[PDB]
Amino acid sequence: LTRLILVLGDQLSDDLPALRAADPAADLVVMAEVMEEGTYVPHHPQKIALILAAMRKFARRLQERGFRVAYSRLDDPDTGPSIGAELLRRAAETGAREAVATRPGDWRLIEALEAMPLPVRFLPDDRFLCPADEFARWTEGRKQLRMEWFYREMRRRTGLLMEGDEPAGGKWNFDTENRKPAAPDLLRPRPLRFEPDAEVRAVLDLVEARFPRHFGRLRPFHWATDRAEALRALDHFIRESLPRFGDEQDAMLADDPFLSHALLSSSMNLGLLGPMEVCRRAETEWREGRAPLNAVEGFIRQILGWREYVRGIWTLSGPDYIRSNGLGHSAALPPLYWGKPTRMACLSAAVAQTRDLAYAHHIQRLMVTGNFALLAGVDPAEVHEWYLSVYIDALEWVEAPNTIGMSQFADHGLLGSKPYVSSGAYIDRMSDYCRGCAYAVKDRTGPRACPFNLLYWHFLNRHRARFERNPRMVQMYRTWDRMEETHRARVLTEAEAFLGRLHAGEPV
């Protein structure tokens, strides 16, 4: 009569569907720290540490609430290699004939649990604002998807920034106001960091010993490891940084890795925060004249729009999504991505902070590291491995669409009809990187030519047949055509030379 109740490491929510369905008197909660989940990609040590530590804390909390918990520690030699091995073990110990599980957000894990010779009753993950079945319904018959239309509908369903049947402040979307560079500022707060207690430190010591060859600096470790801490991170952001969120959303500063971003993605993704509570707090700040509407709406749109939309695309696209390669790109990831030196200031900055903090803000992920990998023709499978490995907040469901779709343009165009690529001019306008860089951003050719200046046109040229039949990009080819033929030839000869060095592993 005992049933197993699985709680995975991204399911640390009090009101998790599986827990709702359990009988604390009869059922056994099962949690397991296992090598398979620690190595399916070589996760940033900070990520591994975050999950294991939050797992232990949550297990103890489940005990405080009355559940019986069977917890398999990574450092127990009795622990098996996978979530499945531990479910089976506990079935044997217990007599249970069935496990209940909130459906995870990783296709490989889904399949593993189905393949397990123990039946699993899956429940939907209801921690999103848009239910799966409702996302599917909204998309049906649409020959083209666009996040914006989905977002407006989510605004209406939820009531967020809605004054009647009208959007707050008389228009829907304020992204046009959120695209300026930012200045250094004494009055700009730094986000809240958290010191590990002894139990987190025990996990840090474990991860250092057990996963030494993964890319990333483990210490200092500063992320929230339970709900109490995450709520403080929330409060900090709402009070101190939300009013700048809009003006500074696309900015980059060589000396500030965080600017005014919330640094909440990991907390939301593991279940420590929920999106409604986050969006509502932000809305209140507008209603009380503390945060401007471009800021609050910009913030909400990232969670209510993109986060939700991305989850939907993941769900619909299935287990073969990560095999998408619409542009036929096949190059290795350059060594600079795993920390080898590069003279490109922007990339260096981004990879360095990814190494050290397990965190890059959105515009870095999209327009620096993402943009460069696309321009250089890296296989999207390789880009996908990297983003899913290196960031504190990375799990398949949220990383895959952002990486394969939004950034690498490898899919059907569901996350943007125009690829996010640029020349160096864009990085120059939005950051202060270029003055410190050995490359010359204003040079279109020559030994000092910014590599984005070469690869941008090379990219457009090599994919002209497909992109020129694309309204939103016809202009760019017009500008290319109006240039002397010898200038074009030189640009391509030089991009080609660069690419040869890049993909040979030469420092660039």
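In case it trips you up, residue 1 is the first one in the sequence shown, and so on.
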As the entry reports it, the stretch among 495 to 503 and 21 to 29 with higher mean C-alpha B factor is 21 to 29
Highest mean C-alpha temperature factor of the two stretches 318 to 326 and 413 to 421, which is it? 413 to 421
Between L234, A358, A182, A228, which one tops the list for Cα B-factor in this entry? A182
The largest CA temperature factor among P380, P119, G80, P275 is found at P119
Quick check for you: using the entry's CA B-factors within this chain, is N371 in the lowest, middle or highest third? lowest
Chain-relative C-alpha B factor for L12 (record values, thirds): the lowest
Ranking the modelled residues of this chain by C-alpha B-factor as given in the entry, is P196 in the lowest, middle or highest third? middle
Report the third (lowest, middle or highest) to which the CA temperature factor of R301 belongs, ranking only the modelled residues of the same chain. middle
Ranking the modelled residues of this chain by C-alpha B-factor as given in the entry, is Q46 in the lowest, middle or highest third? lowest
